[PDB]
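Here the structure is laid out as structure tokens; the discussion comes afterwards.
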Amino acid sequence: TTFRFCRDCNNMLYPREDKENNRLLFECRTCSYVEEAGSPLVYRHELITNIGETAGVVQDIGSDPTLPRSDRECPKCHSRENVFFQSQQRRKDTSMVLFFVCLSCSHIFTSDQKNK
Amino acid sequence: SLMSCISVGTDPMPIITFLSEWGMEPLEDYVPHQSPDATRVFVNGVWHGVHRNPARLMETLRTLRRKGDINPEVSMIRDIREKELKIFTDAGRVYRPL
Amino acid sequence: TXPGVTXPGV
Amino acid sequence: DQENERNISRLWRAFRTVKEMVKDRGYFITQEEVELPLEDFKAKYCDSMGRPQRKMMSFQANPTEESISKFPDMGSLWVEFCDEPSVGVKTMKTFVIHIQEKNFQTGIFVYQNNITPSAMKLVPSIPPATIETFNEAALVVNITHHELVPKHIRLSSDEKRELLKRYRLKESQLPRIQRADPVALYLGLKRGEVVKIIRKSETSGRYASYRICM
Amino acid sequence: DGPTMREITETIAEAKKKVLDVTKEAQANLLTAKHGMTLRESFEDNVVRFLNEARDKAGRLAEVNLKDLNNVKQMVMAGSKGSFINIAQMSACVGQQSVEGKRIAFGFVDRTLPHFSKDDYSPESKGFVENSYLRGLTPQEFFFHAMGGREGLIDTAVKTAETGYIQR
Amino acid sequence: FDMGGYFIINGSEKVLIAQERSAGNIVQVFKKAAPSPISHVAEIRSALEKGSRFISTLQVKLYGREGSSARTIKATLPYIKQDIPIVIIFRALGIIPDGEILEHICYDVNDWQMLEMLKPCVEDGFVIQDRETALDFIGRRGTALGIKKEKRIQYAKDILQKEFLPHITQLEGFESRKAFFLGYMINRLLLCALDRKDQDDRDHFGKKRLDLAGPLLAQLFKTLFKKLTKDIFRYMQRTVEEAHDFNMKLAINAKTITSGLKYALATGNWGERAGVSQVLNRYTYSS
Amino acid sequence: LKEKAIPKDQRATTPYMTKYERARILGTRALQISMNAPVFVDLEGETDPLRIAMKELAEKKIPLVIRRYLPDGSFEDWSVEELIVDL
Amino acid sequence: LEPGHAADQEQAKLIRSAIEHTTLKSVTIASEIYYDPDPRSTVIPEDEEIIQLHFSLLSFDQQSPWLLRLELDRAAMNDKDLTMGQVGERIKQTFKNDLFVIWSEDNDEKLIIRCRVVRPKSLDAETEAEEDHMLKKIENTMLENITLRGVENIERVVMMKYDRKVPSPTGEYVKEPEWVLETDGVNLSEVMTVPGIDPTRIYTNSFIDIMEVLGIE
Amino acid sequence: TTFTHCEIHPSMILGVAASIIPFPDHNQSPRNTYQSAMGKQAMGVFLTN
DNA sequence: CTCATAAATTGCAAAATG
RNA sequence: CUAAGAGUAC
DNA sequence: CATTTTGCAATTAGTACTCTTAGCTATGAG
Ligand SMILES: [Zn+2]
Ligand SMILES: [Zn+2]
């Protein structure tokens with residue numbers, strides 16, 4: 001949703017209707033700091049979330065020994081070795097599709113077929 | 001089990017001193033925005049600080065435990081996905097040799 | 001009730 | 001207009017179940033009225049505009065000769081249907097006074113959705129007139145045709161006396177059937193009346209039980 | 001005998017190959033969930049069914065191989081003691097160890113033991129005991145069978161208590 | 001061949017069975033049932049080894065189901081009659097601005113999901129915009145009900161210094177550390193609630209501790225010596241108020257410690273649990 | 001009692017002695033034989049009171065009557081002589 | 001099923017869709033709120049085509065500028081016999097004229113539902129700031145309070161093929177296959193009255209429902 | 001090949017009572033549990049004194 | 001110096017409103 | 001003698 | 001006229017064996 005905070009008192013900013021220009025305008029609720037809105041979006045809700053399935057990837061993810069290795073093609077290095085793990089989205093209905101991190105380029109690529 | 005032992009507990013002050021010497025960022029001035037990819041160090045469950053290079057810290061802690069400087073009963077865990085470092089020295093823990 | 005068999009009520 | 005079609009189909013099924021109920025009670029209802037098809041019901045009880053009407057849907061039934069011989073204390077019966085979704089005090093009062101002045105001992109009221117609480121209190125009229133409320137939604141499917149449901153036959157006072165004499169029973173020593181059971185409402189049981197239950201047993205071919213209404 | 005053991009091993013290998021193919025089709029997302037259940041539920045159902053029919057086929061091969069003079073076969077045929085499953089487990093394959101009706105669970109983080117890499121859904125990693133009692137069990141399979149027997153004992157105690165209360 | 005490791009109480013060999021318990025100072029999050037208004041509960045069984053050794057169960061609970069739109073996270077502080085909202089605690093410890101609280105709880109700005117789930121808490125606590133106001137709110141909810149309005153603040157400070165997470169520290173000036181730990185607990189609760197992590201396994205053997213003869217005798221002797229020293233203080237107060245002579249032998253009662261230890265070891269009951277001390281089985285060496 | 005006692009001419013219960021009736025008849029008769037009751041049958045050397053009672057019942061020489069209680073409290077008197085022991 | 005259509009698989013599918021309870025939660029991929037100053041042109045280009053049909057086919061001066069946008073699933077519209085028109089009609093019927101609702105066509109690449117709250121003619125100097133929250137509230141109830149199709153207390157339906165003993169006209173008993181419905185959750189009163197099924201032979205594990213619907217016997 | 005430690009011996013997973021069982025991997029697990037609980041009832045020499 | 005006392009079932013009456 | 005507790009058999 | 005909401009303890013396989021410990025603690029006063 002890309003929320004922002006006030007730069008005067010470090011508090012939240014809320015959307016506000018305008019009349020002279022009929023435009024969205026973000027304002028503070030305790031110091032009345034006023035600025036424009038970058039996007040009309042003000043609230044997002046994910047019934048089905050696609051992000052977060054690859055969360056926790058770190059540049060030294062390969063140092064984890066418990067993480068298994070594979071030799072599937074890397075479509076940025078064409079290298080063999082990489083680390084693979086299933087979806088981190090722990091919902092009971094998630095698909096078992098794997099994800100792969102290359103130890104040379106750190107590009108995350110999955111084993112899906114519909115997306116490709 | 002035959003080779004399973006139970007820790008008896010040691011004073012965790014030396015480990016805190018080791019962490020502070022080896023670059024443990026104090027928790028008072030820890031601003032997560034400026035150090036997002038930071039690994040949180042736990043000693044006996046007490047969140048003591050964060051480190052920016054947990055790999056070298058774990059390596060030197062392992063070396064010190066392996067050379068006898070740290071009591072071998074001390075258990076050190078590095079959860080890379082959660083980016084956490086957990087050190088347990090209290091009594092009651094059940095371990096086995098490997 | 002009780003509990004068991006709070007109160008009623010509370 | 002699909003909602004109108006499904007509503008009129010449900011109303012036709014409810015009417016068929018009501019006629020079956022009245023015939024089962026012991027009154028003189030012909031089989032032809034029971035087996036009325038959808039198109040005939042649509043032609044008769046629904047207007048040209050397509051909205052079914054209930055004021056001309058209410059009817060009267062009379063006991064057959066067998067019931068009169070077996071039950072020499074029960075007369076004619078009236079079946080009514082409400083039009084508005086919410087039945088008010090005025091309509092229920094008009095129905096009950098119509099029952100009283102037409103000299104009916106039993107009148108089945110059939111409502112669309114519910115009855116106001118202020119109308120339930122005046123539902124029990126002066127005896128021997130009795131008012132029974134049924135929901136059209138609950139009357140879409142006739143429960144008595146289920147294979148689970150056995151055959152229920154109301155007993156006469158003489159038959160109940162003979163039963164209690166032969167089996168040496170008391171009123172409470174009989175198996176009970178609540179005076180709220182869907183079958184008890186269906187056959188119009190009053191408390192104290194015993195029904196005979198014919199069941200297709202698997203150890204003997206036929207088993208006859210008797211349940212007293214409570 | 002030797003040919004029968006070879007055929008049993010071939011049956012186990014074929015079942016494991018089918019399980020690997022099912023795992024590929026699930027991981028490649030080409031697997032469709034059966035109506036009324038999720039993808040993981042259908043995948044686990046298929047894996048358990050394949051392993052169960054594998055143990056059944058191996059036991060049937062062993063039972064057919066057993067001559068009429070075989071003493072365990074004689075006891076089973078007489079009906080005094082034993083059954084087909086006992087012959088299957090003693091001679092052909094112990095089978096799939098199940099806890100709570102499911103395969104062995106990931107007690108450790110995403111893995112059953114620290115002797116298996118993360119997210120390993122292969123039959124050996126989740127309690128399948130491909131070794132008969134004649135051949136003996138590997139350490140991991142021994143532990144998984146210990147968990148299964150523990151569940152059996154717990155269920156026995158709970159069931160006798162509950163049945164006593166119900167009977168009273 | 002005798003191996004030792006057991007006691008001789010009244011000529012009987014008594015062994016102390018290793019008592020299994022949940023580990024202290026570990027945050028555990030559990031999914032709750034659908035009917036209950038709380039969906040997830042994050043708790044710590046905080047305890048400090050080098051202190052009073054008293055258990056304070058801090059719980060962080062997430063009220064409201066998935067279909068509920070008002071999801072307010074509430075914490076169960078000790079000696080508090082109500083589940084205080086977390087933002088009130090955060091502003092009480094000294095973190096007023098919303099951005100600072102959210103940084104102390106959430107670590108990712110792009111993690112807008114956690115921020116969206118956390119917005120009800122800040123919108124609930126918007127009524128308070130001052131540390132003294134939040135401390136006064138807690139003191140008003142304080143169950144002691146024996147503090148004046150101006151000193152409730154101080155009393156709240158005590159609740160937030162010596163009862164809230166004792167395992168961190170018992171001194172003052174470390175409010176930031178306890179605020180960090182509270183934010184970490186709320187973060188764990190949200191991660192368990194956002195389906196990003198599975199609920200902690202209660203049976204995990206690394207989450208359990210076995211009290212051997214050492215810790216068991218340690219806590220038993222702690223209680224028993226507390227008894228003895230309280231008796232010493234009572235005797236000293238009596239003899240100074242009555243101005244009689246003071247003697248050490250007439251003060252100490254060795255029977256206290258001796259009988260307490262001998263009873264707790266002779267009978268399985270470990271106090272004043274059961275079956276802690278059992279007759280050593282001598283039917284077979286392996287037994 | 002007169003209202004309770006159903007007359008012999010219209011007893012509606014089974015004329016066959018039940019297993020419980022036979023068990024209690026044998027028990028009572030064996031007990032009486034053990035307590036020196038007179039024997040109405042010739043003895044072929046038997047000495048067990050139970051088998052004595054069985055031999056008495058075989059030729060219907062037991063001077064007892066069953067009073068079968070209906071659930072309503074009414075009772076029927078079936079003499080052991082006219083009961084048929086079939087089981 | 002009704003004996004006339006015992007083997008009719010498509011009629012069985014029709015019955016399954018007729019009784020299977022469906023909610024927008026299983027259909028809506030996501031929900032959002034946007035600031036559209038005028039209900040004639042939308043700042044989002046992708047959905048613009050939608051309005052340039054609807055506004056052309058059709059009042060608009062009393063609508064709140066906040067717009068509630070729901071993105072649905074194509075596979076959800078596939079496995080279930082649901083279309084954009086059906087759900088749009090459901091929402092319009094359940095919310096009256098107080099919420100102006102538009103939806104893209106089924107063949108469109110993206111399934112979008114756009115809702116706007118009508119503005120009362122009376123001036124409101126405080127609702128405008130809170131209007132957004134009101135929209136949120138509406139969205140919440142719109143996720144669960146309404147039902148597209150099916151009857152209540154029916155979480156899921158499965159269709160099995162059983163095989164019964166039917167007395168053949170020649171005299172013997174034949175193994176006739178039949179399509180049978182198993183339902184998770186029990187709504188016996190509402191399921192039994194659904195047309196197309198056999199009302200006589202319906203049965204339920206929950207004998208409480210049988211007793212309270214069919215009778216003590 | 002990413003091992004970090006090695007079991008000193010797998011037979012060390014067993015306890016004191018289950019280390020007496022010969023070929024415990026050739027047994028049904030409830031039988032091993034029965035023998036573990038039953039060897040404590042076994043009769044031998046508990047102490048030489 | 002020695003006796004006397006410090007899982008799963010159930011089973012609702014409030015209290016508030018418009 | 002009573003009570004409590006522990007272990008155990010099927 | 002119509003909802004509506006809330007807070008928790010007692011009772012829940014049979015028998016059967018063996019052994020171990022403990023029974024108001026300490027202080028006043030006749
Ligand atoms: Zn501001
Ligand atoms: Zn690469």
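The chains in the structure tokens are called A, B, ... from first to last as shown; in each chain the residues are counted from 1, and the ligands are counted from 1 in the order shown.
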
Cut-off 7 Å, only C-alpha atoms (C1' of nucleotides) and all ligand atoms, neighbours of ligand 1 as a tab-separated table (two decimals) with C-alpha atoms, in the first residue's frame:
```
chain	number	residue	atom	x	y	z
A	6	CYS	CA	4.51	12.77	8.79
A	7	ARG	CA	7.94	14.39	8.78
A	8	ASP	CA	7.01	16.96	11.46
A	9	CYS	CA	5.89	14.80	14.41
A	10	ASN	CA	6.60	11.27	13.07
A	11	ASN	CA	2.95	10.20	12.98
A	28	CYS	CA	-1.64	14.63	9.55
A	29	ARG	CA	-4.10	14.05	12.40
A	30	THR	CA	-2.16	15.89	15.14
A	31	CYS	CA	-0.12	18.61	13.40
A	32	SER	CA	-2.11	19.01	10.14
A	33	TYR	CA	0.86	18.43	7.86
```

task: Would you return as a list in words the members of range 35-164 of chain E that DSSP assigns to strand (DSSP E) on this structure's backbone?
output: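 Across range 35-164 of chain E, those assigned strand (DSSP E) are residues 95, 96, 98, 99, 102, 103, 128 and 129 of chain E.
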
Selected residues written out with N, CA and C atoms, as a PDB file, in the first residue's frame:
```pdb
ATOM      1  N   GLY E  95       6.553 -51.469   5.221  1.00  0.00           N
ATOM      2  CA  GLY E  95       5.560 -50.574   4.662  1.00  0.00           C
ATOM      3  C   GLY E  95       5.679 -49.130   5.095  1.00  0.00           C
ATOM      4  N   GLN E  96       4.554 -48.426   5.098  1.00  0.00           N
ATOM      5  CA  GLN E  96       4.501 -47.011   5.434  1.00  0.00           C
ATOM      6  C   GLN E  96       4.083 -46.850   6.887  1.00  0.00           C
ATOM      7  N   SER E  98       2.586 -44.637   9.750  1.00  0.00           N
ATOM      8  CA  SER E  98       1.623 -43.548   9.765  1.00  0.00           C
ATOM      9  C   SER E  98       1.383 -43.083  11.190  1.00  0.00           C
ATOM     10  N   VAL E  99       1.320 -41.767  11.364  1.00  0.00           N
ATOM     11  CA  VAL E  99       0.983 -41.143  12.636  1.00  0.00           C
ATOM     12  C   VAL E  99      -0.244 -40.275  12.419  1.00  0.00           C
ATOM     13  N   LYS E 102      -1.670 -39.850   8.977  1.00  0.00           N
ATOM     14  CA  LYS E 102      -0.810 -39.212   7.996  1.00  0.00           C
ATOM     15  C   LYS E 102       0.590 -39.798   8.088  1.00  0.00           C
ATOM     16  N   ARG E 103       1.425 -39.452   7.114  1.00  0.00           N
ATOM     17  CA  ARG E 103       2.808 -39.889   7.152  1.00  0.00           C
ATOM     18  C   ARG E 103       3.546 -39.206   8.301  1.00  0.00           C
ATOM     19  N   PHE E 128       8.500 -44.359   5.429  1.00  0.00           N
ATOM     20  CA  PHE E 128       8.339 -45.588   4.665  1.00  0.00           C
ATOM     21  C   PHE E 128       9.464 -46.556   5.000  1.00  0.00           C
ATOM     22  N   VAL E 129       9.097 -47.780   5.370  1.00  0.00           N
ATOM     23  CA  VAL E 129      10.078 -48.788   5.749  1.00  0.00           C
ATOM     24  C   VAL E 129      10.164 -49.836   4.650  1.00  0.00           C
TER      25      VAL E 129
END
```

Residue neighbourhood residue 9 in chain C, 8 Å, only C-alpha atoms (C1' of nucleotides), exclusion window fewer than 3 positions, as a PyMOL selection string:
(chain C and resi 1+6) or (chain J and resi 12-14) or (chain L and resi 7)

Original post:
Please, which residues have at least one atom within 12 Å of an atom of ligand 2, using only C-alpha atoms (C1' of nucleotides) and all ligand atoms, listed as a PyMOL selection string?
Top reply: chain A and resi 71-83+100-109

Export N, CA and C atoms of the chosen residues as a short mmCIF file (atom, residue, chain, number, x, y, z; two decimals), in the first residue's frame?
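This is the output file result-v3.cif:
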```cif
data_model
loop_
_atom_site.label_atom_id
_atom_site.label_comp_id
_atom_site.auth_asym_id
_atom_site.auth_seq_id
_atom_site.Cartn_x
_atom_site.Cartn_y
_atom_site.Cartn_z
N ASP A 71 20.75 -29.19 -9.24
CA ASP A 71 21.53 -28.84 -10.41
C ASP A 71 20.65 -28.34 -11.56
N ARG A 72 19.48 -27.80 -11.26
CA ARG A 72 18.61 -27.29 -12.31
C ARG A 72 19.18 -26.01 -12.92
N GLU A 73 18.87 -25.81 -14.20
CA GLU A 73 19.40 -24.68 -14.96
C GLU A 73 19.02 -23.35 -14.31
N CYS A 74 20.00 -22.45 -14.23
CA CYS A 74 19.78 -21.10 -13.74
C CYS A 74 19.56 -20.18 -14.93
N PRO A 75 18.38 -19.59 -15.10
CA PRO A 75 18.18 -18.71 -16.26
C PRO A 75 18.69 -17.30 -16.02
N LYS A 76 19.85 -17.20 -15.37
CA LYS A 76 20.71 -16.02 -15.46
C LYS A 76 22.18 -16.36 -15.56
N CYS A 77 22.60 -17.55 -15.12
CA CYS A 77 23.98 -18.00 -15.20
C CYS A 77 24.16 -19.26 -16.03
N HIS A 78 23.09 -20.02 -16.26
CA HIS A 78 23.15 -21.35 -16.86
C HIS A 78 24.02 -22.30 -16.05
N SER A 79 24.19 -22.02 -14.77
CA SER A 79 24.97 -22.85 -13.87
C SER A 79 24.11 -23.97 -13.31
N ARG A 80 24.78 -25.00 -12.79
CA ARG A 80 24.07 -26.15 -12.25
C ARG A 80 23.63 -25.91 -10.81
N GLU A 81 24.59 -25.72 -9.91
CA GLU A 81 24.31 -25.75 -8.49
C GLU A 81 23.39 -24.61 -8.06
N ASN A 82 22.51 -24.91 -7.10
CA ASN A 82 21.65 -23.91 -6.47
C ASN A 82 21.00 -24.54 -5.25
N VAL A 83 20.42 -23.70 -4.40
CA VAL A 83 19.70 -24.18 -3.22
C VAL A 83 18.21 -24.10 -3.51
N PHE A 100 14.19 -21.71 -6.14
CA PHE A 100 15.61 -21.94 -6.29
C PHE A 100 16.36 -20.62 -6.22
N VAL A 101 17.48 -20.63 -5.50
CA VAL A 101 18.39 -19.49 -5.41
C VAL A 101 19.75 -19.94 -5.90
N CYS A 102 20.28 -19.23 -6.89
CA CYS A 102 21.62 -19.50 -7.41
C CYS A 102 22.66 -18.90 -6.47
N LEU A 103 23.69 -19.67 -6.16
CA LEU A 103 24.74 -19.21 -5.26
C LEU A 103 25.71 -18.24 -5.93
N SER A 104 25.62 -18.06 -7.25
CA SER A 104 26.47 -17.14 -7.98
C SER A 104 25.79 -15.81 -8.28
N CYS A 105 24.50 -15.83 -8.61
CA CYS A 105 23.77 -14.63 -8.99
C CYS A 105 22.65 -14.24 -8.03
N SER A 106 22.20 -15.16 -7.17
CA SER A 106 21.12 -14.89 -6.21
C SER A 106 19.83 -14.47 -6.91
N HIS A 107 19.54 -15.09 -8.05
CA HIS A 107 18.28 -14.90 -8.74
C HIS A 107 17.32 -16.02 -8.36
N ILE A 108 16.15 -15.65 -7.84
CA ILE A 108 15.17 -16.62 -7.36
C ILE A 108 14.28 -17.02 -8.53
N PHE A 109 14.26 -18.32 -8.84
CA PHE A 109 13.43 -18.84 -9.91
C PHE A 109 12.71 -20.10 -9.45
#
```

- [ ] Could you list the residues in chain F lying within 12 Å of chain E, using only C-alpha atoms, and format the result as a ChimeraX atom specification?
- [x] /F:197-207

- Residues at most 12 Å from residue 184 in chain F, counting only C-alpha atoms (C1' of nucleotides), excluding those fewer than 5 positions away in the same chain, as a PyMOL selection string? (chain B and resi 40+42+45-47+84) or (chain F and resi 26-29+42-44+60+86+101-107+177-179+189-191)

| task | Please identify which residues in range 110-225 of chain F DSSP calls alpha helix (DSSP H) from the backbone, and express them as a VMD selection string. | result | chain F and resid 112 to 125 131 to 141 149 to 158 175 to 193 213 to 225

Can you write just those residues out, C-alpha atoms, as a compact mmCIF listing (two decimals), in the first residue's frame?
```txt
# COMPACT_ATOMS: atom_id res chain seq x y z
CA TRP F 112 2.49 -3.42 4.29
CA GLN F 113 0.45 -6.47 5.35
CA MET F 114 1.77 -6.33 8.91
CA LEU F 115 1.25 -2.56 8.99
CA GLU F 116 -2.35 -3.01 7.84
CA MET F 117 -2.96 -5.58 10.58
CA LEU F 118 -1.29 -3.29 13.12
CA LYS F 119 -3.24 -0.13 12.20
CA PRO F 120 -6.16 -1.03 14.54
CA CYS F 121 -3.79 -0.88 17.53
CA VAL F 122 -2.51 2.62 16.76
CA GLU F 123 -6.00 3.82 15.83
CA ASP F 124 -7.18 2.50 19.21
CA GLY F 125 -4.34 4.16 21.11
CA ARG F 131 3.89 8.92 28.02
CA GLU F 132 2.50 10.30 31.28
CA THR F 133 -1.01 9.83 29.91
CA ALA F 134 -0.32 6.17 29.10
CA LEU F 135 1.29 5.51 32.49
CA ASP F 136 -1.72 7.16 34.15
CA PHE F 137 -4.02 4.94 32.07
CA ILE F 138 -2.17 1.84 33.26
CA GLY F 139 -2.19 3.02 36.87
CA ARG F 140 -5.93 3.62 36.61
CA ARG F 141 -6.25 0.01 35.46
CA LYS F 149 -3.40 10.03 40.87
CA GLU F 150 -0.01 11.76 40.74
CA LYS F 151 1.89 8.68 41.93
CA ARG F 152 0.11 6.13 39.70
CA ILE F 153 2.78 7.02 37.13
CA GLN F 154 5.49 5.91 39.55
CA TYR F 155 3.50 2.80 40.45
CA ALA F 156 3.05 2.01 36.76
CA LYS F 157 6.81 2.43 36.41
CA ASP F 158 7.28 -0.27 39.04
CA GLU F 175 12.74 0.77 29.08
CA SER F 176 13.95 0.64 25.48
CA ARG F 177 15.12 -2.96 25.89
CA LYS F 178 11.76 -4.14 27.21
CA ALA F 179 9.99 -2.17 24.49
CA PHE F 180 12.17 -3.96 21.94
CA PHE F 181 11.29 -7.32 23.46
CA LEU F 182 7.57 -6.47 23.43
CA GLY F 183 7.87 -5.46 19.79
CA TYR F 184 9.62 -8.75 19.07
CA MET F 185 6.82 -10.70 20.76
CA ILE F 186 4.18 -8.82 18.77
CA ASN F 187 6.21 -9.46 15.61
CA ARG F 188 6.25 -13.19 16.35
CA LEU F 189 2.50 -13.14 17.02
CA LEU F 190 1.80 -11.38 13.72
CA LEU F 191 4.11 -13.70 11.79
CA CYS F 192 2.23 -16.68 13.23
CA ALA F 193 -1.11 -14.99 12.49
CA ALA F 213 18.78 -32.92 41.27
CA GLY F 214 20.56 -29.58 40.96
CA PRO F 215 17.76 -27.17 40.05
CA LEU F 216 15.18 -29.09 42.09
CA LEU F 217 17.22 -28.94 45.29
CA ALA F 218 18.14 -25.35 44.40
CA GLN F 219 14.57 -24.07 44.31
CA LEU F 220 13.55 -26.22 47.29
CA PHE F 221 16.44 -24.84 49.33
CA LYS F 222 15.61 -21.34 48.11
CA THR F 223 12.11 -21.64 49.56
CA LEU F 224 13.35 -23.38 52.72
CA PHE F 225 16.09 -20.83 53.42
```

**Report entry** Close residues, range 73-83 of chain G itself excluded, 9 Å, only C-alpha atoms (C1' of nucleotides), min 4 positions apart in chain, as an MDAnalysis selection string
**Finding:** chainID G and resid 1 3:8 11:17 25 57 59:69

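For chain H, the residues no farther than 9 Å from chain E when using only C-alpha atoms are residues 156, 157 and 158 of chain H.
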
Taken to one decimal, the CA of residue 113 in chain A-CA of residue 28 in chain E distance is 6.3 Å

Practice prompt. For chain I, report every residue with an atom at most 12 Å from chain E (counting only C-alpha atoms), formatted as a list in words.
Written response: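 That gives the following set of residues: residues 1, 2, 3, 4, 5, 6, 7, 9, 10, 11, 12, 13, 14, 18, 22, 23, 24, 25, 26, 27, 28, 29, 30, 31, 32, 33 and 34 of chain I.
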
Give me, as JSON lines, the closest atom pair and its distance (Å, one decimal) for every residue of chain I within a cut-off of 12 Å of chain K, counting only C-alpha atoms (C1' of nucleotides), rows sorted by chain and rising number.
```
{"residue": "I:37", "atom": "CA", "partner": "K:8", "partner_atom": "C1'", "distance": 10.2}
{"residue": "I:38", "atom": "CA", "partner": "K:8", "partner_atom": "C1'", "distance": 10.5}
{"residue": "I:40", "atom": "CA", "partner": "K:8", "partner_atom": "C1'", "distance": 10.7}
{"residue": "I:41", "atom": "CA", "partner": "K:8", "partner_atom": "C1'", "distance": 9.2}
```
